[PDB]
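>>> can't give you the sequence, but here's the structure:
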């Protein structure tokens, strides 16, 4: 797999309400709105497609797979995944997002 061969699926699993385990952290929608410009700016030549999944509203085996871990308190939300791979959940740092992509650019 290579980040440049296709538009990359970036998903944010969350809800319109805050996650108990990270009360002070940025909301799911904030992160979703923040993530879009961030990547468009740092990785101009990569194409990303964004999707927001409210674990309430109610899906792929993966969507359901991550939503399950959140519902069982294993993972927190906002939860970010790129191409169905776990990237970050709950408290999220910019470096986590960049290092995950950079690592791919450098190795794959």
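Received the coordinates, thanks. Residues are numbered from 1 along each chain as shown.
>>> and the residue nearest the centre of the chain, what does it touch?
Compute the mean C-alpha point of the chain, and by Cα atoms, centre = their mean the closest residue is residue 80, 1.6 Å away. Contact analysis of residue 80 by Cβ atoms under 8 Å, 6 or more residues apart in numbering lists 10-12, 31, 35, 87-89, 92, 97. No exception for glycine: its C-beta is placed from N, CA and C like everyone else's.
>>> and which of those is nearest residue 59?
residue 11 (11.1 Å; Cβ to Cβ).
>>> give me the beta-bridge partners of that closest one?
residue 51, residue 81 (DSSP bridges).
>>> Relative to residue 28, how far out is it?
11 Å (Cβ to Cβ, to the nearest Å).
>>> what's the answer for residue 60, then?
18 Å.
>>> Which stretches in this structure count as helices?
28-42, 61-71, 94-107 (DSSP state H).
>>> on that earlier part again, what touches both of residue 11 and residue 28?
residue 52.
>>> ok so, going back, neighbour-wise, which of residue 60 and residue 28 wins?
residue 28 (24 against 11; other Cβ atoms under 10 Å).
>>> Can you tell me, leaving aside adjacent residues, what's nearest to the more buried one?
residue 14 (2.4 Å; Cβ to Cβ, 6 or more residues apart in numbering).
>>> quick revisit: between the contacts of residue 80, which is nearest residue 46?
residue 10 (10.3 Å).
>>> burial measure for that closest one, as a count.
Counted with other Cβ under 10 Å, residue 10 comes out at 21.
>>> what do you get for residue 30?
Neighbour tally, residue 30, other Cβ under 10 Å: 13.
>>> Distance check, it against residue 60.
For residue 30 relative to residue 60 (Cβ to Cβ), the value is 24 Å.
>>> what does residue 1 give?
17 Å.
>>> related to what we said a few turns ago, dump the helices of the chain to TSV, plus distance to residue 20.
Converted to TSV, those look like this (distance: least, Cβ to Cβ, whole Å):
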stretch	distance to residue 20
helix 28-42	13
helix 61-71	11
helix 94-107	21
